[PDB]
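With ideal geometry, Cβ positions are generated from the backbone for all residues, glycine too; neighbour counts draw on all protein chains shown. Taken together, the values in this text are just the output of simple stated rules run on the coordinates, not laboratory data.
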Amino acid sequence: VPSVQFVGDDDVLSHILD
Amino acid sequence: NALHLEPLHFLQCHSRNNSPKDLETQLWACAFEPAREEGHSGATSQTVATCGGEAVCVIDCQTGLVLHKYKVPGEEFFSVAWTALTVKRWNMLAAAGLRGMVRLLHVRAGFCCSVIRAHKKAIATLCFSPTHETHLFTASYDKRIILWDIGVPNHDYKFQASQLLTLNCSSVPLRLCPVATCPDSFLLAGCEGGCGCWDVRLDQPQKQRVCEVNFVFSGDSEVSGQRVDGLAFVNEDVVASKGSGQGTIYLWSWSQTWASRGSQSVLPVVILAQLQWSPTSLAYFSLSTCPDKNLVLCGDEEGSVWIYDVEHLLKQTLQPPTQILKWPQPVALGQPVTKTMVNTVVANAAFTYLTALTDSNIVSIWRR
């Protein structure tokens, strides 16, 4: 069973911007 | 495990304060992206948008990577929905919640195109027309459902939205569901006070419309007037709907019900079957369907996913689920997450990926 994977803001591949 | 589903990822990606300790933010909605090319079904889509807290994420189900994230300080996102526009296809992601604003994201290009101040109260849910890809329904705590035309984006990716219809509700709308066989003519909505049908034809001249038919599911006074918090078509004719505190999901015939109507504004539905679901009195466990596989899906207060293959049932007492997918208690910070609730469960059309959202800042992704 996979563990819970934390994805922080620096782990996101791209941030959507205004 | 008759459906042969296996847990693939448990993603903690809507954390408050970017904290690995957040195992509490409620995740509210999810939606698989359409195909990236016109003419493709998108049935095996492996890209899912989720929202919760201040964030919308777009996730690859296969790898578990968060491809895109949109964060708005002070927002609480309650609903996401995609629409495929022709500009070449642009897959637009609409997101909304507490602030009453619809935020239209061009995900691939990486930015929020436009914002519609649709309501002065929170948007509970959003739903696009399956046939008119610029038509967007917003359902709000102001007890309105508004039908918008978001229009075509100008050269600079800006949208000019207009209002086509206002549907007035006697209680707060929770769940939207266009009628499968005539999705630009009639709209179903599950509301705090039950399930209704509204005439959304634009060739009728009234612009503010009350419910055309309020439906009745039970002659029990214990359930009369109670919420309908899950609502979806299993196939072109059969609706699956539920409330809380009844241990039951109703399967009913759109066509037989509508044929019986006449001019009655309150109408008992023609029930085809009843499914056993969890007995919890807790509200806001929504259901969904996978029509190609004849499935109803509904999470519960223990974090299970109830799965019903209703094919044989609808070809020929409360019917049991085909499978109950128990919460597998994945480890976070080294400890099992022993308890959670799954309020939303959504699969792609081919049923190769299933997403179950929790009240624990966990996106569950299962593969078949």
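Observations on the structure shown:
- Matching residues in region B:281-339 - criterion: being in a loop (DSSP other than H, G, I, E, B) and within 14 Å of another protein chain (Cβ to nearest Cβ): B:303, B:326, B:327, B:328, B:329, B:330, B:333, B:334, B:337, B:338, B:339
- Residues of region B:140-153 that are assigned to a strand (DSSP E or B) and either within 11 Å of residue B:102 (Cβ to Cβ) or of a type in the set (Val, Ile, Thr) (or both): B:140, B:145, B:146, B:148.
- Just so you know, in region B:340-368 the residues that are part of a strand (DSSP E or B) and of a type in the set (S, T, N, Q) include one that is surrounded by the fewest Cβ atoms within 10 Å (Cβ to Cβ), and it is B:344.
- Candidates B:80, B:58, B:48: the one that is touching a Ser or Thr at 6+ places or on another chain (Cβ under 6 Å) and either surrounded by 17 or more Cβ atoms within 10 Å (Cβ to Cβ) or more than 9 Å from every other protein chain (Cβ to nearest Cβ) (or both) is B:48.
- Meets criteria (closer than 26 Å to residue B:246 by Cβ, within 14 Å of chain A (Cβ to nearest Cβ) and under 20 Å from the mean Cα position of the chain (by Cα)) for residue B:360: yes
- If the condition is being within 14 Å of chain A (Cβ to nearest Cβ) and touching a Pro at 6+ places or on another chain (Cβ under 7 Å), then region B:107-125 contributes only B:113.
- Test: residue B:164 is closer than 18 Å to residue B:232 by Cβ, hydrophobic (A, V, I, L, M, F, W, C) and in contact with an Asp or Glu (Cβ under 9 Å, 6 or more places away or on another chain): no
- Unmet criterion (only one of (1) closer than 20 Å to residue B:3 by Cβ; (2) touching a helix residue (DSSP H, G or I) at 6+ places or on another chain (Cβ under 9 Å); (3) not aliphatic (A, V, I, L, M)) for residue B:299: (2)
Conditions tested, residue by residue: (1) aromatic (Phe, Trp, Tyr); (2) part of a strand (DSSP E or B); (3) within 25 Å of residue B:120 (Cβ to Cβ).
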| site | (1), (2), (3) |
| --- | --- |
| B:138 | no, yes, yes |
| B:166 | no, yes, yes |
| B:171 | no, no, yes |
| B:176 | no, yes, yes |
| B:184 | no, no, no |
| B:190 | no, yes, yes |
| B:197 | no, yes, no |
| B:204 | no, no, no |
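- Residue ID - farthest from the other protein chains (Cβ to nearest Cβ), chosen from residues in region B:23-40 that are over 25 Å from residue B:289 (Cβ atoms) and crowded, with 18+ Cβ neighbours inside 10 Å: B:25
- Each residue in chain A was checked for being in a strand (DSSP E or B) and more than 7 Å from chain B (Cβ to nearest Cβ), and 0 pass.
Condition check ((1) part of a loop (DSSP other than H, G, I, E, B); (2) farther than 22 Å from residue B:11 by Cα; (3) within 18 Å of the chain's Cα centre (by Cα)) across all residues:
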residue	(1), (2), (3)
B:51	no, no, yes
B:57	no, no, yes
B:68	no, no, no
B:73	yes, no, no
B:114	no, yes, no
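- The lone exception for residue B:68 - which of (1) within 11 Å of chain A (Cβ to nearest Cβ); (2) surrounded by fewer than 17 Cβ atoms within 10 Å (Cβ to Cβ) it fails: (2)
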